[PDB]
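Some notes on the structure that comes next.
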Ligand SMILES: Nc1nc2c(ncn2[C@@H]2O[C@H](COP(=O)(O)OP(=O)(O)OP(=O)(O)O)[C@@H](O)[C@H]2O)c(=O)[nH]1
Ligand SMILES: Nc1ncnc2c1ncn2[C@@H]1O[C@H](COP(=O)(O)OP(=O)(O)CP(=O)(O)O)[C@@H](O)[C@H]1O
Ligand SMILES: Nc1nc2c(ncn2[C@@H]2O[C@H](COP(=O)(O)OP(=O)(O)O)[C@@H](O)[C@H]2O)c(=O)[nH]1
Ligand SMILES: [Ca+2]
Ligand SMILES: [Ca+2]
Ligand SMILES: [Ca+2]
Ligand SMILES: [Mg+2]
Ligand SMILES: [Mg+2]
Ligand SMILES: [Mg+2]
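In structure tokens, the structure reads:
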């Protein structure tokens, strides 16, 4: 058994982290007080769930998690929430004034003065690990902390833990629920400095999660609670292989080996199905072919884009519930003869399939209905380059007039870092185009 | 009030649509780089589809189907027909074609010679035409050596196609021609064929013993108006419309345009567009597409219709601009953005 | 706790400030004696932003009252909520400022400024984490204008990394006390250009016209004008006084509203504005259309003469947040020519459940529009009509100023005008 | 359409289907970046105070 440490940075990271550990507990049978009646090895053991939970002598199962925010209001909810008993104070770090949606403020001004404290808290969790695999980092692109401090933390993590893998769950900015105009600046600045330090990153576009909540869950104006419950189901599906017995994606290294042959192109597209409204009285359970076919519907993707006009470098099918390999292969054959699935010539045209017999757990009182089977597809497709294009275009519009640049320079960042970061993105977009288009 | 932007100033078609849209008083033209639009009249090349459908509260529509280039490119069309099962290499309405890359650069050089040598030994007519998309640059010859050598002097992909040596000739004149059909596909993927086509006729007698002079072999409008002496003699602008052509087929062939030619044209249009529908449909997409296509057909002396190519950015006959453009606003734009007949289109069912 | 320190200086600044604390005190359930008697927990969740909590559960406004004569602050101390202010936070002289910027900034004001800073330092030292300052004053007088901008300069020197925010009443010849108001306003504006992060521009002429043309008040008084300012000040500060996501603190608001440091002068707006047909229920469409109507804006600048760099809207009350986005998106998409296209998504909307007193719902508008240059052009033209003849300058040279400082202030504000113009055609 | 590496356990199974074959900055350099930005802030703030002293 090898441990995984989760790090939640900024409001987005912290609130998403709170929803995931809620779901993790329900999935593993861990009560809010930390007790786990099914764990017969009191205060020890190297089971699969031990990768995410340590244990105290009293039998408390404590998440291997750290929460960081430059402002205390969001993390005070964790200290006072249902699962407050889950964590101890060393795990929750809060400053007094935030980054004001200013990458330079989170990275330089405030980050410089708190980075050593955060590393010290992470080191404590690392000292509890007998074979630490690496870290899962949750954060937003748009916020000043999630963008600015995250990139600094990733840089240091690569220094303090050279051989450890690092995966991201990043929230892509969407104006329908965005609070800042400079979020394109922050997104590009944090991708530039984090790109060489992240082995694999799963981007969730708030615009996609938002529309799925209105279309499939019949929520007219979704809240962050709604968005976070859905995101934690996708996150759980991705991390299940690390927390349960299995042979696919059993450690963080396997995520890179199976999804990222080209190091810079490390942003797999996530597609999830089915998402059924709990308020829905009569519901008809979908088959294996129906949920698999849905993985190729743009409307179910974590990032809205058209994979028909890109090339696949890798594809992973993660099933939960009543699914047998016979029905998966039959559905896959049917989809090939009907769908536009083009792999890059230097990659085998295949699918790695994982099946977990336990169906998706639903939070009591949540928005999602219990389903008999569900799937999450992870495909590394060049079609996700559409997201970088949208974001770089907004960047170019503001930066041509130097709009808002003074806020960043005022925090000690050089204006040249803007163009430096932008040119790195232009090279990233070029990499996708060389791998996808003829 | 609906908003639209114009990103192709060279489109005669959508200049009239824009003129009509503003005539309603309910459409407003924004700067070509304003993202808050309902309708985009986009550029021909490198249209940024990836930026459509991401503006909150705006239902956005674009006049191009992403992926339709597969059909409107010489080499692309050939490959699509040979590789797509619903078309198959045995497709009976598309002339035998081969994708040939110049030697200075897969390629179908050997496959072409095999079919060429088979015709040479069989005493059959072995006249082929070499063409590409980067042309205004076409060569017609019966010797495979001249064709391949012509493509090697170039630097772009070409296609060697079997030349229809028995085209239907209009009398009087003994002249070659082609047929242009305008087809509009809306956001729901309904296939509408404009009831008005145009025959682009050659004003020179068809000569089968001299492919060097390509004035009586190429029915392009600019070629007849530049290198032909009898331009406009038989019909104005070498353009014969369905009314006159239908009356001709009845007087000389005792048949109609519908039975002898139109049924094959409607079949070909539907086959090509249904083939790529899964690849380009915008049904469940975050934005909506529609596109006007220009199909080019040849007709031989057996009244068999052949598809020559498909144009993704076609123009229209001067006489048919007002009707067609208005029809574009009715079925393509107003269907999605309604305002506050006897349709001019023939809906091809599927 | 992100505490804000409030300062009000001069006649105008103290009368508008007093009304402001009266309005928000009612919103938070604070009575004239500082005792809380509300019925919602949302009233106290962010109360510490503006109020200190004393013994006995008393809430004391974190406000400092400044003036160079006693008169107005006597009226405050005896007014409705006069007893709610900290007695030690009244700082005042006796000589007055004679509507003279030099007296407020250089002579009379210089003698009193240090004692005012002693109170500011006291209030800041008891803040868990001070956000910044907000100042209410006029630019046409002597104390609020001359001494107010003196205070801002000395506050920025002591707290260089805190946000400085002001509500600045711009003078107008139609609602004028003295003919030197353009002199005082031009001198203050240069101070504001350099030492404030956000300045809400409030034009007395727009307030008058709204009272006369819209509210149908035959003979407006300063009191009538001040009620519009109270309601507007309450609206723009709702994001700071109640739970919310957008513009949560002063610094985040500045980062979303100020794309260039000098162009930080905002046009505020309010809806509804109804005359006494006052019980009719307002619809979200009606709120939105009125909020963006020029007749509902208080800077006397026609937005259709310029372009919005950024916009911050705040909707209050129980309403369809879904229907709010639809009307907002309808306004942007129906008038995109007035929004600069090089700042994507520059219109941000926030909702608040608690409505103002006596209204089921309302909306407050904060625009950073290049049209504001019309306001500085008026002031500049009035300045030059007198300065070209050196009229009334002796009031100022008698306090130690020389003509050069006037010429520089004139050029500084013409530069500002030129800066707005270059972005109106970008 | 081949299935390889089929693994089965009590809580699930996994396999791979193949349809077709194919055809950093040191701790020192980071402190300099952080300190360099801190110096630029200090310089700008000094100019502001110098401006206010005038
Ligand atoms: N999906 C989701 N997105 C969120 C959540 N919270 C914030 N966001 C998004 O994150 C972006 C704002 O960044 P934040 O994470 O809130 O800012 P921060 O990391 O706390 O940094 P600061 O500037 O210091 O506040 C916006 O695009 C929000 O829409 C959340 O709980 N769930
Ligand atoms: N296989 C074939 N047999 C006989 N004639 C042919 C032919 N292919 C093309 N032609 C002739 O060549 C002319 C133009 O061919 P093609 O359409 O490939 O060029 P082009 O694309 O530049 C004209 P357009 O503007 O319609 O696209 C046609 O009018 C037709 O008469
Ligand atoms: N809106 C409003 N404006 C005022 C009020 N009192 C004065 N003014 C304006 O303020 C300017 C005079 O400044 P004033 O505050 O009286 O001078 P000060 O006491 O030296 O700061 C003139 O332009 C007046 O129109 C008031 O109560 N409300
Ligand atoms: Ca155990
Ligand atoms: Ca590394
Ligand atoms: Ca004195
Ligand atoms: Mg935050
Ligand atoms: Mg063509
Ligand atoms: Mg006065």
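Chains as they are written, first to last, in our numbering: chain A, 10 to 447; chain B, 4 to 353; chain C, -17 to 408; chain D, 31 to 84.
For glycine and all other residues, C-beta sits at the position ideal for the given N, C-alpha and C.
| Check | Outcome |
| --- | --- |
| Suppose you measure from the CA of residue 357 of chain C to the CA of residue 178 of chain C; what does that come to, to the nearest Å? | 18 Å |
| Strictly below 8 Å CB to CB, what residues from chain D border residue 142 of chain C? | 75, 78, 79 |
| Could you list which residues in chain A have their beta carbon closer than 7 Å to that of residue 227 of chain C, in chain order? | 188 |
| Any heavy atom of ligand 4 inside 7 Å of the beta-carbon of residue 50 of chain A? | yes |
| Under a three-way DSSP split, which group does residue 33 of chain B fall into? | coil |
| Output needed in chain order: residues of the stretch 313 to 324 of chain A with a Cβ under 8 Å from some Cβ in chain B. | 313, 314, 315, 317, 318 |
| What whole-angstrom Cβ distance do residue 4 of chain B and residue 40 of chain C have, given they're in contact under 8 Å? | Actually they are not in contact, since the Cβ atoms of residue 4 of chain B and residue 40 of chain C sit about 55 Å apart, beyond 8 Å. |
| In chain order, what residues of the same chain lie with their CB nearer than 6 Å to the CB of residue 135 of chain A, ignoring the 5 residues before and after it? | 141 |
| Would you report the Cα separation of residue 95 of chain B and residue 337 of chain A, rounded to the nearest angstrom? | 38 Å |
| Answer yes or no: does any C-beta atom of chain A fall closer than 8 Å to that of residue 267 of chain C? | no |
| Work out the CA separation of residue 36 of chain C and residue 67 of chain C for me, nearest whole Å. | 12 Å |
| Against residue 421 of chain A, what residues of chain D qualify as contacts under a CB-to-CB distance less than 7 Å, listed in chain order? | 67, 68, 70, 71 |
| Run the proximity test for residue 130 of chain C: is its beta-carbon closer than 7 Å to any non-hydrogen atom belonging to ligand 9? | no |
| Could you compute how far the alpha carbon of residue 308 of chain A sits from the alpha carbon of residue 217 of chain A? | 8 Å |
| Using only alpha-carbon positions, find the residue among B/45, B/338, B/197 that is nearest to residue 346 of chain B. | B/197 |
| Kindly say whether residue 82 of chain D, judged by its beta-carbon, lies nearer than 8 Å to any beta-carbon of chain A. | no |
| Between B/118, B/246, B/287, which lies nearest to residue 201 of chain B when the distance is taken from Cα to Cα? | B/246 |
| Tell me the residue span of the beta strand (DSSP E) that contains residue 329 of chain A. | 321 to 330 |
| Kindly provide the ranges of any alpha helix (DSSP H) runs that are 4 or more residues long and lie completely inside the stretch 392 to 421 of chain A, ordered along the chain. | 394 to 408, 414 to 418 |
| State the start and end residues of the unbroken beta strand (DSSP E) segment that holds residue 251 of chain C. | 247 to 253 |
| Does the beta carbon of residue 50 of chain D come closer than 8 Å to any beta carbon on chain A? | yes |
| Rounding to the nearest angstrom, what Cα-Cα distance links residue 254 of chain B and residue 29 of chain B in this structure? | 48 Å |
| Strictly below 9 Å CB to CB, what residues from chain A border residue 69 of chain B? | 315, 317, 318 |
| Just the Cα atoms here: how many angstroms apart are residue 36 of chain D and residue 336 of chain B? | 53 Å |
| Starting from the Cα of residue 236 of chain C, find the closest Cα among A/171, A/340, A/188, A/410 and give me that residue. | A/188 |
| Skipping 5 residues on each side, what residues in its chain have a beta carbon closer than 7 Å to that of residue 229 of chain C? | 221, 235, 238, 294, 332 |
| Would you kindly work out how many angstroms separate the C-alpha atoms of residue 288 of chain C and residue 107 of chain A, rounded to a whole number? | 34 Å |
| Out of B/169, B/39, B/136, B/338, point me to the one whose CA is closest to residue 81 of chain B's CA. | B/136 |
| Within 7 Å: the Cβ of residue 138 of chain B and any heavy atom of ligand 2? | yes |
| Determine which residues share a DSSP beta bridge with residue 382 of chain A and list them. | A/330 |
| Quick one: using the 10 Å Cβ neighbour count with 16 as the cut-off for buried, is residue 77 of chain B buried or exposed? | buried |
| Does any C-beta atom of chain B lie closer than 8 Å to the C-beta of residue 304 of chain C? | no |
| Where does residue 109 of chain A land, buried or exposed, given buried means 16+ other C-beta within 10 angstroms? | buried |
| Closest by CA to residue 164 of chain B, which one among B/97, B/272, B/153, B/328? | B/97 |
| Looking at the unbroken beta strand (DSSP E) that takes in residue 131 of chain B, where does it start and where does it end? | 131 to 134 |
| Given that residue 111 of chain A touches chain D, what residues does it touch there, using C-beta distances under 8 Å? | Correct list: empty, because the minimum Cβ distance to chain D is about 13 Å. |
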